[PDB]
């Protein structure tokens, strides 16, 4: 499809393996993962299991780009971590588009005085203002992840995703309350 990239779970595992493999090549084994909620949740958990990283923390930050709510920049809603001083930190997200979210998170994490902050995203857009330190693939269309496919379907009746009928039947019932 020209307008969407719809990766399978197998591609997501390949993406996470690739990040892990790159981390080991660079000898950057993080002390702490910072998952960018909520798109970075699954990537961070999978990477954590892959590399036996026992410490995951979280930042709730969102780039509002919808009909109901539109903003110019990412907005932090909360930061879920204690001291990161002297730690090697890796920020993990599912995709860097403009790169503003990773920049915002990097900036705020740097205020915790870690030993090092680096960034990882599964996917990168050509127009991103900064290349993440670690990434799996550059792609120039909108990515539909397995964990936000139904949000896309809700906003877009056209898109072809697996299990759509089962979802529509459920969504239908939700809409009637």
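Residue numbers count along the first chain shown, from 1.
Participant: Do the C-alpha atoms of 99-107 or of 67-75 have the higher average B factor in the entry?
Facilitator: Result of the comparison: 67-75.
Participant: Can you tell me which stretch has the higher mean Cα B-factor, 42-50 or 22-30?
Facilitator: Taking the mean C-alpha B-factor of 22-30 and of 42-50, the larger value falls to 22-30.
Participant: Between 149, 57, 116, 130, which one tops the list for Cα B-factor in this entry?
Facilitator: Spelled out: the listed residue with the top C-alpha B-factor is 130.
Participant: When the modelled residues of the chain are sorted by Cα temperature factor, does residue 124 land in the lowest, middle or highest third?
Facilitator: Middle third - that is where residue 124 ends up once the chain's C-alpha B-factors are sorted.
Participant: For residue 12, return the chain-relative third of its C-alpha B-factor as stated in the PDB record: lowest, middle or highest.
Facilitator: For residue 12, whose C-alpha B-factor we compare with every modelled residue in the chain, the answer is the lowest third.
Participant: Please say which third, lowest, middle or highest, residue 139 falls into when its CA temperature factor is compared across its chain.
Facilitator: Ranked within chain, residue 139 CA B lands in the highest tercile.
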